[PDB]
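Data block for query10.txt (compact mmCIF, C-alpha atoms and all ligand atoms):
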```
# COMPACT_ATOMS: atom_id res chain seq x y z
CA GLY A 45 0.00 0.00 0.00
CA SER A 46 -1.18 2.52 0.63
CA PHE A 47 -3.18 5.67 -0.13
CA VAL A 48 -2.86 7.03 3.41
CA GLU A 49 0.91 6.72 2.95
CA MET A 50 0.86 8.94 -0.16
CA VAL A 51 -1.26 11.67 1.43
CA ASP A 52 0.69 14.87 2.06
CA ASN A 53 3.67 13.59 0.06
CA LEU A 54 4.01 16.79 -2.01
CA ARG A 55 5.75 19.96 -0.84
CA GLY A 56 6.37 23.35 -2.38
CA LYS A 57 7.11 27.04 -2.16
CA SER A 58 4.39 29.44 -3.31
CA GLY A 59 4.60 29.92 -7.07
CA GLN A 60 7.59 27.54 -7.15
CA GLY A 61 5.89 24.27 -8.09
CA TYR A 62 5.16 21.06 -6.19
CA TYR A 63 7.72 18.30 -5.80
CA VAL A 64 7.69 14.73 -4.53
CA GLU A 65 10.54 12.66 -3.12
CA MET A 66 12.04 9.98 -5.36
CA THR A 67 15.19 7.85 -5.33
CA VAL A 68 17.34 6.98 -8.34
CA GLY A 69 20.05 4.37 -8.72
CA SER A 70 21.73 1.93 -6.34
CA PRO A 71 22.48 2.78 -3.71
CA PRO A 72 19.39 5.02 -3.73
CA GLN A 73 19.91 8.77 -4.13
CA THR A 74 16.96 10.82 -2.88
CA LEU A 75 15.96 13.89 -4.87
CA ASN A 76 13.01 16.27 -4.95
CA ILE A 77 11.28 15.96 -8.33
CA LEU A 78 8.78 18.54 -9.55
CA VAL A 79 5.49 16.88 -10.51
CA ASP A 80 4.70 18.34 -13.95
CA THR A 81 1.67 17.27 -16.00
CA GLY A 82 2.58 19.60 -18.89
CA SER A 83 5.64 17.58 -19.92
CA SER A 84 6.56 13.97 -20.67
CA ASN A 85 10.24 13.81 -19.64
CA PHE A 86 11.70 12.52 -16.38
CA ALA A 87 14.84 14.58 -15.78
CA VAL A 88 17.13 15.49 -12.89
CA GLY A 89 20.13 17.75 -12.50
CA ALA A 90 23.23 15.58 -12.86
CA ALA A 91 25.75 18.45 -12.60
CA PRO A 92 26.58 21.10 -10.00
CA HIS A 93 24.53 24.28 -10.09
CA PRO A 94 24.22 27.39 -7.89
CA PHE A 95 20.51 26.66 -7.40
CA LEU A 96 20.88 22.93 -6.61
CA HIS A 97 21.80 21.42 -3.25
CA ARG A 98 21.75 17.91 -4.74
CA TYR A 99 22.17 16.23 -8.10
CA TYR A 100 22.25 12.83 -9.77
CA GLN A 101 25.68 11.18 -9.80
CA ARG A 102 25.41 8.35 -12.32
CA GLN A 103 28.93 7.35 -11.29
CA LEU A 104 27.49 6.28 -7.91
CA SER A 105 24.75 3.97 -9.25
CA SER A 106 25.59 0.35 -9.99
CA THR A 107 22.33 0.33 -12.00
CA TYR A 108 22.84 3.32 -14.31
CA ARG A 109 22.79 2.46 -18.01
CA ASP A 110 23.55 4.95 -20.79
CA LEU A 111 21.48 5.34 -23.94
CA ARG A 112 24.41 7.08 -25.64
CA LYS A 113 21.85 9.74 -26.64
CA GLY A 114 21.46 13.41 -25.83
CA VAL A 115 18.21 15.33 -25.37
CA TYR A 116 17.04 18.94 -25.25
CA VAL A 117 13.71 19.88 -23.70
CA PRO A 118 12.19 23.37 -24.07
CA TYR A 119 9.44 24.61 -21.78
CA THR A 120 7.19 27.62 -22.00
CA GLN A 121 9.95 29.20 -19.93
CA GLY A 122 13.26 27.49 -19.26
CA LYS A 123 15.09 24.73 -21.09
CA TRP A 124 17.76 22.13 -20.52
CA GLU A 125 19.85 19.47 -22.23
CA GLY A 126 21.39 16.33 -20.84
CA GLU A 127 22.26 12.68 -21.32
CA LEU A 128 19.64 9.97 -21.63
CA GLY A 129 20.13 6.92 -19.44
CA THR A 130 17.99 4.45 -17.53
CA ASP A 131 18.22 3.65 -13.84
CA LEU A 132 16.10 2.26 -11.02
CA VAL A 133 13.57 4.64 -9.48
CA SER A 134 11.33 4.49 -6.43
CA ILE A 135 8.88 6.84 -4.74
CA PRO A 136 9.40 6.71 -0.94
CA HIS A 137 5.87 7.95 -0.16
CA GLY A 138 4.18 6.29 -3.11
CA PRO A 139 3.49 2.72 -4.22
CA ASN A 140 5.91 0.10 -2.91
CA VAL A 141 7.74 -0.60 -6.16
CA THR A 142 10.94 0.08 -8.09
CA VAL A 143 11.10 0.37 -11.88
CA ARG A 144 13.69 0.91 -14.58
CA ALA A 145 12.82 4.31 -16.02
CA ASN A 146 14.30 6.54 -18.69
CA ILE A 147 16.15 9.41 -17.01
CA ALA A 148 17.68 12.52 -18.55
CA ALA A 149 20.75 13.74 -16.68
CA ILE A 150 20.66 17.52 -16.90
CA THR A 151 24.11 18.83 -17.87
CA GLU A 152 23.18 22.38 -18.89
CA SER A 153 20.05 24.45 -18.31
CA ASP A 154 18.78 27.99 -18.78
CA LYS A 155 15.92 29.50 -16.75
CA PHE A 156 14.82 26.04 -15.57
CA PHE A 157 15.99 25.53 -12.00
CA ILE A 158 14.71 28.02 -9.43
CA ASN A 159 16.72 29.89 -6.82
CA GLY A 160 15.74 28.41 -3.48
CA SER A 161 13.30 25.86 -4.91
CA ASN A 162 13.73 22.59 -3.07
CA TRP A 163 13.35 20.48 -6.23
CA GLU A 164 16.26 19.23 -8.35
CA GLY A 165 14.31 17.38 -11.05
CA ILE A 166 11.10 17.20 -13.02
CA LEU A 167 8.66 14.34 -13.60
CA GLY A 168 6.68 14.67 -16.82
CA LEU A 169 3.37 12.89 -16.24
CA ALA A 170 1.90 13.60 -19.67
CA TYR A 171 2.02 11.18 -22.59
CA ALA A 172 4.77 9.93 -24.90
CA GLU A 173 3.55 11.94 -27.91
CA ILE A 174 5.05 15.11 -26.35
CA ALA A 175 8.18 13.31 -25.12
CA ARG A 176 11.59 14.44 -26.36
CA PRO A 177 13.08 13.80 -28.70
CA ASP A 178 10.28 11.46 -29.81
CA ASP A 179 7.62 9.15 -28.38
CA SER A 180 10.14 6.29 -28.42
CA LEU A 181 11.14 7.43 -24.91
CA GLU A 182 8.68 5.76 -22.56
CA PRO A 183 7.72 8.33 -19.89
CA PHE A 184 8.00 7.43 -16.23
CA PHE A 185 4.33 6.71 -15.53
CA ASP A 186 4.13 4.53 -18.63
CA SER A 187 7.12 2.58 -17.31
CA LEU A 188 5.50 2.28 -13.87
CA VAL A 189 2.17 1.00 -15.17
CA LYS A 190 3.96 -1.30 -17.65
CA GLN A 191 6.27 -2.84 -15.01
CA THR A 192 3.90 -3.09 -12.02
CA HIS A 193 0.28 -3.61 -11.01
CA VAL A 194 -0.20 0.09 -10.25
CA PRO A 195 -3.43 1.05 -12.04
CA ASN A 196 -3.13 3.59 -14.85
CA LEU A 197 -4.45 6.60 -13.01
CA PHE A 198 -3.28 9.24 -10.58
CA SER A 199 -4.84 12.14 -8.72
CA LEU A 200 -3.27 15.42 -7.60
CA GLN A 201 -4.40 17.44 -4.58
CA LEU A 202 -2.55 20.76 -4.57
CA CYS A 203 -3.12 22.80 -1.41
CA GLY A 204 -2.07 26.44 -1.23
CA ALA A 205 -0.98 28.32 1.88
CA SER A 217 5.07 26.76 2.85
CA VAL A 218 2.85 24.71 0.52
CA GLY A 219 2.00 21.03 0.12
CA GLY A 220 -0.39 18.47 -1.24
CA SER A 221 -0.79 14.82 -2.17
CA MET A 222 -0.13 12.72 -5.26
CA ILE A 223 -2.15 9.52 -5.02
CA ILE A 224 -0.44 7.23 -7.53
CA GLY A 225 -2.82 4.60 -8.87
CA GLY A 226 -6.18 5.53 -7.42
CA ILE A 227 -8.56 7.97 -5.77
CA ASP A 228 -8.45 8.81 -2.06
CA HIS A 229 -12.03 9.62 -1.11
CA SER A 230 -11.08 11.35 2.13
CA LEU A 231 -9.38 14.06 0.08
CA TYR A 232 -12.43 15.49 -1.67
CA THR A 233 -16.10 16.14 -0.98
CA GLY A 234 -19.02 15.93 -3.33
CA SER A 235 -18.85 13.99 -6.57
CA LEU A 236 -16.14 13.92 -9.21
CA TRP A 237 -16.95 15.46 -12.59
CA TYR A 238 -15.06 14.23 -15.64
CA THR A 239 -14.06 15.91 -18.82
CA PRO A 240 -12.68 13.82 -21.70
CA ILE A 241 -8.99 13.90 -22.48
CA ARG A 242 -9.39 15.13 -26.06
CA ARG A 243 -6.15 13.47 -27.15
CA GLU A 244 -3.32 11.72 -25.32
CA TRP A 245 -0.42 14.08 -25.78
CA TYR A 246 -0.81 16.84 -23.23
CA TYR A 247 -3.66 16.57 -20.78
CA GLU A 248 -5.88 18.30 -23.30
CA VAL A 249 -9.40 19.36 -22.31
CA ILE A 250 -12.10 21.36 -24.09
CA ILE A 251 -13.42 24.49 -22.37
CA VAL A 252 -16.95 25.03 -23.66
CA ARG A 253 -17.99 28.18 -21.77
CA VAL A 254 -16.46 30.84 -19.53
CA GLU A 255 -18.35 32.96 -17.00
CA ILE A 256 -17.17 35.82 -14.80
CA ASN A 257 -19.44 36.59 -11.83
CA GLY A 258 -22.22 34.66 -13.53
CA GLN A 259 -21.80 36.57 -16.80
CA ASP A 260 -20.82 34.84 -20.02
CA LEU A 261 -17.81 36.26 -21.84
CA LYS A 262 -19.89 35.35 -24.93
CA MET A 263 -16.85 34.62 -27.05
CA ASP A 264 -16.60 31.92 -29.67
CA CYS A 265 -16.16 28.59 -27.87
CA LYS A 266 -13.07 28.03 -29.99
CA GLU A 267 -11.28 31.07 -28.58
CA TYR A 268 -11.14 29.31 -25.21
CA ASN A 269 -9.14 26.43 -26.67
CA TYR A 270 -7.38 28.39 -29.40
CA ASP A 271 -4.43 26.15 -30.06
CA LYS A 272 -5.29 23.96 -27.06
CA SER A 273 -6.31 23.80 -23.43
CA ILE A 274 -4.27 21.69 -21.00
CA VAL A 275 -4.03 20.88 -17.30
CA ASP A 276 -0.44 21.54 -16.20
CA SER A 277 0.45 21.24 -12.52
CA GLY A 278 3.84 22.61 -13.64
CA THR A 279 2.54 26.06 -14.64
CA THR A 280 1.68 28.31 -11.70
CA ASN A 281 -0.75 30.74 -13.34
CA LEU A 282 -3.97 30.47 -15.27
CA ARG A 283 -2.83 31.16 -18.84
CA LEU A 284 -5.35 32.31 -21.46
CA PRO A 285 -5.21 32.97 -25.22
CA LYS A 286 -4.78 36.66 -26.09
CA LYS A 287 -8.42 37.31 -26.94
CA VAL A 288 -9.81 35.41 -23.95
CA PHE A 289 -7.19 36.93 -21.66
CA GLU A 290 -8.06 40.48 -22.66
CA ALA A 291 -11.78 39.82 -22.20
CA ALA A 292 -11.24 38.47 -18.68
CA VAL A 293 -8.91 41.27 -17.56
CA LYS A 294 -11.44 43.81 -18.79
CA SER A 295 -14.11 41.92 -16.84
CA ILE A 296 -11.99 41.59 -13.70
CA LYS A 297 -10.92 45.24 -13.92
CA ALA A 298 -14.52 46.44 -14.05
CA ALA A 299 -15.30 44.16 -11.11
CA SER A 300 -12.51 45.90 -9.19
CA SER A 301 -12.67 49.49 -10.49
CA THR A 302 -13.56 50.52 -6.92
CA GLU A 303 -9.82 50.30 -6.12
CA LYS A 304 -6.86 51.04 -8.38
CA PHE A 305 -3.69 49.17 -9.36
CA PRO A 306 -0.89 49.71 -11.89
CA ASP A 307 -1.71 48.09 -15.22
CA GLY A 308 1.66 46.43 -14.65
CA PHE A 309 -0.22 44.56 -11.94
CA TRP A 310 -2.58 43.09 -14.53
CA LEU A 311 0.59 42.15 -16.42
CA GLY A 312 2.00 40.27 -13.42
CA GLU A 313 4.83 42.81 -13.28
CA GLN A 314 3.97 44.84 -10.18
CA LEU A 315 2.49 43.74 -6.84
CA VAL A 316 -0.53 44.65 -4.71
CA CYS A 317 -0.67 44.97 -0.93
CA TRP A 318 -3.37 45.82 1.60
CA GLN A 319 -3.35 46.40 5.36
CA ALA A 320 -3.21 42.88 6.80
CA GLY A 321 -6.64 41.22 6.82
CA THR A 322 -8.07 44.06 4.73
CA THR A 323 -8.06 42.46 1.28
CA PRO A 324 -11.17 43.53 -0.62
CA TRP A 325 -11.98 40.01 -1.81
CA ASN A 326 -15.57 40.99 -2.52
CA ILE A 327 -14.65 43.24 -5.46
CA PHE A 328 -12.89 40.44 -7.27
CA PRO A 329 -15.20 38.10 -9.21
CA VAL A 330 -15.38 34.34 -9.52
CA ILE A 331 -14.41 32.76 -12.84
CA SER A 332 -16.42 29.77 -14.04
CA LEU A 333 -14.82 27.34 -16.49
CA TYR A 334 -17.31 24.97 -18.09
CA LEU A 335 -15.59 21.76 -19.15
CA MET A 336 -17.05 19.34 -21.67
CA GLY A 337 -18.75 16.43 -19.93
CA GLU A 338 -19.09 12.68 -20.43
CA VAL A 339 -22.55 12.55 -22.08
CA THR A 340 -24.05 14.31 -25.08
CA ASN A 341 -24.77 18.03 -24.74
CA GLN A 342 -23.55 17.72 -21.15
CA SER A 343 -20.93 19.85 -19.45
CA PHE A 344 -20.05 20.90 -15.92
CA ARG A 345 -18.32 23.91 -14.42
CA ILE A 346 -15.57 24.57 -11.90
CA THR A 347 -15.67 27.92 -10.12
CA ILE A 348 -12.51 29.82 -9.19
CA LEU A 349 -12.29 32.29 -6.31
CA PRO A 350 -10.02 35.33 -6.45
CA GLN A 351 -8.17 33.68 -3.56
CA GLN A 352 -6.74 31.49 -6.36
CA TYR A 353 -5.86 33.86 -9.20
CA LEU A 354 -4.60 36.45 -6.69
CA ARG A 355 -1.52 34.72 -5.49
CA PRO A 356 0.08 35.80 -2.19
CA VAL A 357 3.71 36.91 -2.10
CA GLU A 358 5.42 37.90 1.15
CA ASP A 359 7.09 41.31 1.29
CA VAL A 360 9.04 42.80 4.20
CA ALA A 361 7.66 46.08 5.52
CA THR A 362 7.42 48.09 8.72
CA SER A 363 3.80 46.95 8.34
CA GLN A 364 3.72 43.38 7.03
CA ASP A 365 0.55 43.81 4.96
CA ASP A 366 -0.97 41.30 2.52
CA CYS A 367 0.55 41.27 -0.96
CA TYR A 368 -0.69 39.41 -4.04
CA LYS A 369 0.38 38.98 -7.65
CA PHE A 370 -2.15 38.70 -10.47
CA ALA A 371 -1.97 35.03 -11.46
CA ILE A 372 -3.75 35.12 -14.85
CA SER A 373 -1.27 35.55 -17.72
CA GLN A 374 -1.50 35.95 -21.47
CA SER A 375 -0.63 32.93 -23.60
CA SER A 376 0.42 32.13 -27.15
CA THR A 377 0.38 28.34 -26.58
CA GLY A 378 -3.30 27.92 -25.68
CA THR A 379 -5.06 27.87 -22.33
CA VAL A 380 -3.17 26.43 -19.37
CA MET A 381 -5.15 25.39 -16.29
CA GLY A 382 -2.23 25.87 -13.96
CA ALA A 383 -1.64 25.20 -10.29
CA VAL A 384 -3.73 28.14 -9.09
CA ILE A 385 -6.73 26.60 -10.84
CA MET A 386 -5.86 23.12 -9.58
CA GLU A 387 -5.36 24.28 -5.99
CA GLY A 388 -8.53 23.61 -4.07
CA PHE A 389 -9.72 20.87 -6.38
CA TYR A 390 -8.99 17.15 -6.38
CA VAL A 391 -7.95 16.41 -9.97
CA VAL A 392 -7.99 12.83 -11.24
CA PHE A 393 -5.84 11.95 -14.24
CA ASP A 394 -7.83 8.89 -15.28
CA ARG A 395 -5.47 7.78 -18.03
CA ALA A 396 -7.31 4.43 -18.01
CA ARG A 397 -10.73 5.83 -18.91
CA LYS A 398 -9.19 8.73 -20.88
CA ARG A 399 -10.67 11.51 -18.74
CA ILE A 400 -9.93 14.10 -16.04
CA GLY A 401 -12.16 14.34 -12.96
CA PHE A 402 -12.64 17.35 -10.72
CA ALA A 403 -14.02 17.60 -7.20
CA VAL A 404 -13.83 20.18 -4.43
CA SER A 405 -10.62 19.54 -2.51
CA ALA A 406 -10.56 18.87 1.21
CA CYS A 407 -8.01 21.71 1.36
CA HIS A 408 -10.07 24.28 -0.44
CA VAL A 409 -10.15 28.05 -0.71
CA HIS A 410 -12.80 29.02 1.86
CA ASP A 411 -14.02 32.55 1.17
CA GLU A 412 -16.33 33.86 3.88
CA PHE A 413 -19.38 34.17 1.58
CA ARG A 414 -18.31 32.29 -1.59
CA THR A 415 -17.12 28.78 -2.41
CA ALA A 416 -15.04 27.28 -5.18
CA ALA A 417 -17.27 24.62 -6.66
CA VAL A 418 -17.62 21.76 -9.11
CA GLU A 419 -21.20 21.71 -10.37
CA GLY A 420 -23.17 19.73 -12.92
CA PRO A 421 -24.91 18.79 -15.01
CA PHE A 422 -25.04 21.68 -17.46
CA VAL A 423 -26.43 21.41 -20.98
CA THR A 424 -24.29 22.85 -23.78
CA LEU A 425 -24.88 22.30 -27.49
CA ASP A 426 -22.33 21.90 -30.28
CA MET A 427 -19.62 21.23 -27.69
CA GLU A 428 -17.51 19.54 -30.37
CA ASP A 429 -17.34 22.91 -32.15
CA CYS A 430 -15.08 24.14 -29.33
CA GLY A 431 -11.99 22.13 -30.18
CA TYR A 432 -9.56 24.11 -32.29
CA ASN A 433 -8.38 22.54 -35.53
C1 LIG A 501 6.20 31.44 -17.52
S1 LIG A 501 4.99 30.10 -17.40
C2 LIG A 501 5.44 29.08 -15.95
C3 LIG A 501 5.73 27.57 -16.06
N1 LIG A 501 6.64 27.36 -14.95
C4 LIG A 501 6.27 27.93 -13.62
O1 LIG A 501 5.28 28.52 -13.44
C5 LIG A 501 7.19 27.76 -12.40
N2 LIG A 501 8.26 28.56 -12.14
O2 LIG A 501 8.72 28.14 -10.96
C6 LIG A 501 7.86 27.02 -10.62
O3 LIG A 501 8.23 25.71 -11.37
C7 LIG A 501 6.90 25.12 -11.76
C8 LIG A 501 5.96 25.97 -11.30
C9 LIG A 501 6.74 27.33 -11.20
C10 LIG A 501 6.38 27.10 -17.41
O4 LIG A 501 6.51 27.94 -18.21
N3 LIG A 501 6.86 25.76 -17.95
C11 LIG A 501 6.99 24.35 -17.45
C12 LIG A 501 7.16 24.19 -15.92
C13 LIG A 501 8.64 24.36 -15.39
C14 LIG A 501 8.91 23.45 -14.17
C15 LIG A 501 9.79 24.13 -16.42
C16 LIG A 501 5.92 23.41 -18.01
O5 LIG A 501 5.07 22.95 -17.03
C17 LIG A 501 5.08 24.06 -19.14
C18 LIG A 501 4.56 22.97 -20.10
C19 LIG A 501 3.23 23.37 -20.68
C20 LIG A 501 5.55 22.80 -21.28
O6 LIG A 501 6.12 23.74 -21.73
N4 LIG A 501 5.79 21.46 -21.85
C21 LIG A 501 6.68 21.33 -22.94
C22 LIG A 501 5.91 21.78 -24.20
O7 LIG A 501 4.83 21.35 -24.35
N5 LIG A 501 6.37 22.72 -25.22
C23 LIG A 501 7.68 23.41 -25.23
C24 LIG A 501 7.39 24.88 -25.45
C25 LIG A 501 8.69 25.77 -25.41
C26 LIG A 501 6.60 25.13 -26.75
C27 LIG A 501 7.07 19.82 -23.02
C28 LIG A 501 5.88 18.94 -23.38
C29 LIG A 501 8.24 19.58 -24.00
```
Conversion result in structure tokens:
Amino acid sequence: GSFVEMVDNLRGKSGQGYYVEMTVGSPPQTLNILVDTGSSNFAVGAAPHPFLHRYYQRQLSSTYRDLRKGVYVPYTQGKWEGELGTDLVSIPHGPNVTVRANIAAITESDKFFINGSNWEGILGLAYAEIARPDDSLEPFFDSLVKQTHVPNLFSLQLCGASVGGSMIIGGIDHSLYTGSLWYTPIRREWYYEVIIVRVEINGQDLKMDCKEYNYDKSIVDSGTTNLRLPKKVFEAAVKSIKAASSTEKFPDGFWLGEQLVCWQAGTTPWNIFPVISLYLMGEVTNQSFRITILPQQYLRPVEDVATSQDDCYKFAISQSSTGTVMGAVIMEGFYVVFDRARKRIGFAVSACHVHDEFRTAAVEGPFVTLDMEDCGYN
């Protein structure tokens, strides 16, 4: 076992991603690996770095094999190259197994590792199709399901505020969410690609073309902090959120994520910021459901030192050229099930949820929505 053992096995720093503990090689070297659903490559720093307090020493693993190949992985921000090998891997606070998994040893990286982040590697939980340099490179989870009896499914429970959560590998832990799970189809098994059929702000429809929401694509990426929207959608929402908050004033560099906002501690005017409702395509015909986001999610907190401590937040909705990204701020407060087996993603209200005083982040269905297929971009 056991699910209770995997609960609370993620840790993080705010806006710095969630990591889990893994071991690589024999004898086992323990490293903190960022859980990333927007990528398909298992990689760790194998070289010294100013931002790393640990790294993978293949020289110290009787089990390391070399694929005599090199790889380069770009991300929306940050990139790295290294040497492909295969070693033995285990998750201390996950299923009780060890598997031979492809591993990229990171030899050189730009804008990838984070100063003070406690993670020295990344675990791409998406599919092979987006693996580098090709789908030949079985991704970790594929290896794990192919070499064990771990079911082909995992759920992520990302709790905010430093920060922690749970990664239940191979099942659903029912003590971690309330209500019922709602499922949206994985449109295609490359990214975790979902179809957003409608968007509402404070109960008002943005009334854009369904396609605009998934222009390029929409994905669930635990590895991206913000909620990232296509240009057109993004602009619409900012306009909407601005109007909802015109009572106060902020630099338009705030809405760009550049500047910061602070209020006298415990004085945050949550009420003037709206809720955002994302309607995801459902499991039956003409059926969808919605998840509702509180400003406590897209207003991310960031500590600043001041003669008065205050409460400071960064605007956590960013413009995108790669499609919509349902990042960690969206995933926080929900229990998200990556049902790779039944080709779907389920959402429920997390046990560790947002808890506004007069508003609740919710998962609600059923909703009827016609021509939902017309929302996928082609
Ligand atoms: C400026 S947008 C922020 C996002 N990273 C972050 O927010 C983070 N910065 O510090 C923290 O680390 C993770 C969370 C925090 C990011 O850009 N990128 C990555 C997370 C990092 C761990 C490398 C990925 O999760 C993004 C993911 C969608 C991705 O880029 N996947 C690649 C891709 O699809 N395309 C490559 C791209 C240049 C077109 C792989 C599949 C190869």
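The space separating atom CA of residue 379 of chain A from atom CA of residue 406 of chain A comes to 25.8 Å.
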6 Å shell around ligand LIG 501 (chain A) using all atoms listed in the file, listed as a PDB file with C-alpha atoms, keeping the file's coordinate frame:
```
ATOM      1  CA  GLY A  59       4.600  29.920  -7.070  1.00  0.00           C
ATOM      2  CA  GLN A  60       7.590  27.540  -7.150  1.00  0.00           C
ATOM      3  CA  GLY A  61       5.890  24.270  -8.090  1.00  0.00           C
ATOM      4  CA  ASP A  80       4.700  18.340 -13.950  1.00  0.00           C
ATOM      5  CA  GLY A  82       2.580  19.600 -18.890  1.00  0.00           C
ATOM      6  CA  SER A  83       5.640  17.580 -19.920  1.00  0.00           C
ATOM      7  CA  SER A  84       6.560  13.970 -20.670  1.00  0.00           C
ATOM      8  CA  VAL A 117      13.710  19.880 -23.700  1.00  0.00           C
ATOM      9  CA  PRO A 118      12.190  23.370 -24.070  1.00  0.00           C
ATOM     10  CA  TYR A 119       9.440  24.610 -21.780  1.00  0.00           C
ATOM     11  CA  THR A 120       7.190  27.620 -22.000  1.00  0.00           C
ATOM     12  CA  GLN A 121       9.950  29.200 -19.930  1.00  0.00           C
ATOM     13  CA  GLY A 122      13.260  27.490 -19.260  1.00  0.00           C
ATOM     14  CA  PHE A 156      14.820  26.040 -15.570  1.00  0.00           C
ATOM     15  CA  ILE A 174       5.050  15.110 -26.350  1.00  0.00           C
ATOM     16  CA  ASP A 276      -0.440  21.540 -16.200  1.00  0.00           C
ATOM     17  CA  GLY A 278       3.840  22.610 -13.640  1.00  0.00           C
ATOM     18  CA  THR A 279       2.540  26.060 -14.640  1.00  0.00           C
ATOM     19  CA  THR A 280       1.680  28.310 -11.700  1.00  0.00           C
TER      20      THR A 280
END
```
Using all atoms of segment 349-366 of chain A listed in the file and a margin of 3 Å per side, can you give the axis-aligned box centre and edge lengths in Å to one decimal, as JSON?
```
{"center_x": -1.6, "center_y": 39.8, "center_z": -0.2, "size_x": 27.3, "size_y": 22.6, "size_z": 23.9}
```
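With all atoms listed in the file as the atoms that count, the residue of A:375, A:256, A:325, A:240 with the shortest distance to residue 285 of chain A is A:375.
Neighbouring residues of residue 53 of chain A at 7 Å or closer, counting only C-alpha atoms and skipping chain neighbours under 5 positions away, are residues 64, 137, 220, 221 and 222 of chain A.
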Where does segment 184-301 of chain A meet segment 383-396 of chain A within 6 Å, residue by residue, with the nearest atom pair and distance in Å to one decimal for each, counting all atoms listed in the file, listed by chain and rising number, as CSV?
```
residue,atom,partner,partner_atom,distance
A:196,CA,A:396,CA,5.3
A:197,CA,A:394,CA,4.7
A:198,CA,A:393,CA,5.2
A:199,CA,A:392,CA,4.1
A:200,CA,A:391,CA,5.3
A:201,CA,A:390,CA,4.9
A:202,CA,A:387,CA,4.7
A:203,CA,A:387,CA,5.3
A:277,CA,A:383,CA,5.0
A:280,CA,A:383,CA,4.8
A:281,CA,A:384,CA,5.8
```
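Counting from atom CA of residue 148 of chain A, the distance to atom CA of residue 131 of chain A is 10.1 Å.
For the atom pair formed by atom CA of residue 364 of chain A and atom CA of residue 352 of chain A, the distance is 20.7 Å, given to one decimal.
Among the candidates A:127, A:179, A:365, A:267, the residue lying nearest to residue 433 of chain A is A:267 (atoms considered: only C-alpha atoms).
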Legend entry - Residue among A:151, A:85, A:76, A:191 lying closest to residue 172 of chain A, counting all atoms listed in the file: A:85
Could you write segment 347-360 of chain A as a PDB file, keeping the file's coordinate frame, with N, CA and C atoms rebuilt where they are missing?
```pdb
ATOM      1  N   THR A 347     -15.593  26.502 -10.449  1.00  0.00           N
ATOM      2  CA  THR A 347     -15.670  27.920 -10.120  1.00  0.00           C
ATOM      3  C   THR A 347     -14.456  28.320  -9.300  1.00  0.00           C
ATOM      4  N   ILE A 348     -13.781  29.370  -9.750  1.00  0.00           N
ATOM      5  CA  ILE A 348     -12.510  29.820  -9.190  1.00  0.00           C
ATOM      6  C   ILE A 348     -12.751  31.078  -8.367  1.00  0.00           C
ATOM      7  N   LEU A 349     -12.233  31.084  -7.124  1.00  0.00           N
ATOM      8  CA  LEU A 349     -12.290  32.290  -6.310  1.00  0.00           C
ATOM      9  C   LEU A 349     -11.073  33.162  -6.548  1.00  0.00           C
ATOM     10  N   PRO A 350     -11.195  34.468  -6.318  1.00  0.00           N
ATOM     11  CA  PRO A 350     -10.020  35.330  -6.450  1.00  0.00           C
ATOM     12  C   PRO A 350      -8.892  34.909  -5.540  1.00  0.00           C
ATOM     13  N   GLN A 351      -9.203  34.221  -4.438  1.00  0.00           N
ATOM     14  CA  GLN A 351      -8.170  33.680  -3.560  1.00  0.00           C
ATOM     15  C   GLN A 351      -7.225  32.752  -4.303  1.00  0.00           C
ATOM     16  N   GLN A 352      -7.581  32.334  -5.518  1.00  0.00           N
ATOM     17  CA  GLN A 352      -6.740  31.490  -6.360  1.00  0.00           C
ATOM     18  C   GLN A 352      -5.952  32.292  -7.384  1.00  0.00           C
ATOM     19  N   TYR A 353      -6.611  33.119  -8.188  1.00  0.00           N
ATOM     20  CA  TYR A 353      -5.860  33.860  -9.200  1.00  0.00           C
ATOM     21  C   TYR A 353      -5.192  35.106  -8.656  1.00  0.00           C
ATOM     22  N   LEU A 354      -5.398  35.437  -7.385  1.00  0.00           N
ATOM     23  CA  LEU A 354      -4.600  36.450  -6.690  1.00  0.00           C
ATOM     24  C   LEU A 354      -3.625  35.702  -5.801  1.00  0.00           C
ATOM     25  N   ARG A 355      -2.435  35.541  -6.269  1.00  0.00           N
ATOM     26  CA  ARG A 355      -1.520  34.720  -5.490  1.00  0.00           C
ATOM     27  C   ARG A 355      -0.796  35.569  -4.448  1.00  0.00           C
ATOM     28  N   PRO A 356      -0.595  35.032  -3.244  1.00  0.00           N
ATOM     29  CA  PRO A 356       0.080  35.800  -2.190  1.00  0.00           C
ATOM     30  C   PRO A 356       1.587  35.701  -2.307  1.00  0.00           C
ATOM     31  N   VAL A 357       2.259  36.806  -1.982  1.00  0.00           N
ATOM     32  CA  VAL A 357       3.710  36.910  -2.100  1.00  0.00           C
ATOM     33  C   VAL A 357       4.205  37.772  -0.944  1.00  0.00           C
ATOM     34  N   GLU A 358       4.954  37.169  -0.022  1.00  0.00           N
ATOM     35  CA  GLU A 358       5.420  37.900   1.150  1.00  0.00           C
ATOM     36  C   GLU A 358       6.384  39.016   0.774  1.00  0.00           C
ATOM     37  N   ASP A 359       6.196  40.172   1.403  1.00  0.00           N
ATOM     38  CA  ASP A 359       7.090  41.310   1.290  1.00  0.00           C
ATOM     39  C   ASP A 359       7.392  41.821   2.688  1.00  0.00           C
ATOM     40  N   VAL A 360       8.611  42.318   2.888  1.00  0.00           N
ATOM     41  CA  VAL A 360       9.040  42.800   4.200  1.00  0.00           C
ATOM     42  C   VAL A 360       8.760  44.296   4.301  1.00  0.00           C
TER      43      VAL A 360
END
```
